[PDB]
Amino acid sequence: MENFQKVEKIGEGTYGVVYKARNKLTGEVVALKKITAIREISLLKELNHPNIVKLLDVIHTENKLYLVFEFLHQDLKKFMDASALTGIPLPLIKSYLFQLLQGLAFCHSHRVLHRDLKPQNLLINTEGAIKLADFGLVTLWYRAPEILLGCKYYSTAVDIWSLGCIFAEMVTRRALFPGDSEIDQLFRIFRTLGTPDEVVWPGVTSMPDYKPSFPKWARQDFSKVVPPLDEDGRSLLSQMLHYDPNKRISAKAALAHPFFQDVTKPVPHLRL
Ligand SMILES: O=C(N[C@H]1CCCNC1)c1n[nH]cc1NC(=O)c1c(F)cccc1F
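**Some remarks on the overall build of the protein**
Each helix and strand in the protein was counted, giving nine helices and eight strands. The globule rule puts the C-alpha radius of gyration for 272 residues at 19 Å, and the 19 Å found for the protein is close to it. In terms of overall dimensions, the protein has C-alpha extents of about 60 × 40 × 30 Å along its principal axes. Within the protein, the fraction of its 272 residues that count as buried is 49%. When the accessible area of the protein is evaluated, it comes to approximately 14400 Å², of which 51% is carbon and sulfur surface. Side chains of the protein carry 34 positive and 29 negative charges; the gap between the two charge centres is 3 Å.

Encoded structure:
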């Protein structure tokens, strides 16, 4: 793109490639993603929040689509890997979870879903801020069960599920449900939370990919799942991981949870 100088590749994946880049007249350092679509993308331009990576610009040209974003230096996956020996301190975990809940409460109120939350698209700065990136418009590990079961009209609850999975992972320093196929993801969830049935998830047995032949596992003790998380954190997590999307806690209610009574905003130690 005429107006941009590529610095380095910082991101790849499914649809686009992401570079760190430098604008030629503003001097701005940016993340440049190279790829109905155009109308929904432009709506993202107005979805502005301190916990949403900020879309600076959209350049549609020569059958390429460039999305220009504010640049952040670190992402949560790399930060987790870097923190594996010690673990992220709880008050930092708690601050990041609260911030992301604020971000989602905002999206959700505007009827925008993320759909694909994972540590690698959660960006962090030296300020202690954490931001939602790559708004959907370790692949499966964060997928809500109603998606895996073939629901086509899934809700904002799917983002809560993903964020609960991420919360558990910060705490334990291991992925909660590291499935390597859709059936492995589903069965790993069932093994931990119990095979769902009509008791805990009314309508589950009428989902498109639900099979009566699914094995029937009993649900484990959360105390076994996320030690040494405290009872406030465990209780919040269990509400974020409810099978029934209609029972799962909303972002806005989760912000009121007692877990956040003593929330603060620590700064992480980053290696730039
Ligand atoms: O990738 C980014 N920063 C990287 C810096 C090096 C460590 N790693 C983080 C980034 N900064 N600002 C936006 C941005 N990336 C995205 O918006 C993004 C994403 F995170 C995932 C998929 C597509 C995409 F465009």
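**A look at the domain arrangement of the protein**
Segmentation of the protein into domains returns domain 1 (1–73) and domain 2 (74–270). Between domain 1 and domain 2, the C-alpha centre-to-centre distance is 27 Å. Every contact between the two is made by 13 residues of domain 1 and, on the other side, 18 residues of domain 2. For the pair domain 1 and domain 2, the two sides together bury roughly 1400 Å², of which 65% comes from carbon and sulfur.

**Some details on the pattern of salt bridges**
If you walk through the whole model with that rule in mind, you get 12 salt bridges. The partner of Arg-143 in a salt bridge is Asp-116, and the shortest N-O contact between them spans 3.4 Å. Its relative accessible area of 18% is what places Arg-143 among the buried residues. In this structure, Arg-188 and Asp-184 form a salt bridge, with 2.7 Å as the shortest nitrogen-oxygen distance. Separated by four residues within a single helix, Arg-188 and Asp-184 lie in helix α6 (residues 182–193), roughly one turn from each other. Through salt bridges with shared partners, a single ionic network connects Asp-116, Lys-118 and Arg-143.

**Description of the environment of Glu-2**
Relative to the assigned elements, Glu-2 resides in the segment before β1 (4–11). The exposure class of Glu-2 is exposed, given its relative accessible area of 61%. The sequence separation of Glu-2 and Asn-23 amounts to 21 residues, and the corresponding C-alpha distance is 9.3 Å.

**Considering the nonpolar core**
Judged by nonpolar contacts, the single largest core of 77 residues is most densely connected at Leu-76, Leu-97, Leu-101, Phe-167, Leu-236, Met-240 and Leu-241. Shared between two domains, this core holds at least three residues of each, these being domain 1 (1–73) and domain 2 (74–270). Contacts of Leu-241, omitting those with residues within four sequence positions, involve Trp-161, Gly-164, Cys-165, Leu-176, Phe-177, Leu-193 and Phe-222. Counting seven residues, the second-largest nonpolar core is a separate cluster that includes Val-30, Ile-59, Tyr-66 and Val-68.

What counts as what
- Residues numbered from 1 in each chain as written, not as in the entry; some residues may be left out.
- Heavy atoms only, no water.
- Helix = DSSP H or I, 4+ residues; strand = E, 2+ residues; numbered from the N terminus.
- Rg over C-alpha atoms; globule rule 2.2 N^0.38 Å.
- Buried < 20%, exposed > 50% of the residue type's maximum accessible area, 1.4 Å probe, protein only.
- Areas by Shrake-Rupley, 256 points an atom, 1.4 Å probe, with all protein chains shown as cover.
- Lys, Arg positive; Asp, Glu negative; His and termini not counted.
- Charge placed at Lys NZ, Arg CZ, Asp CG, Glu CD.
- Domains from an automatic or database assignment.
- Contact = heavy atoms within 4.5 Å.
- Buried area = accessible area lost by both parts, 1.4 Å probe.
- Salt bridge = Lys/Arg side-chain N within 4 Å of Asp/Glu carboxyl O.
- Core = buried A, V, L, I, M, F, W, Y, C linked by side-chain atoms within 4.5 Å.

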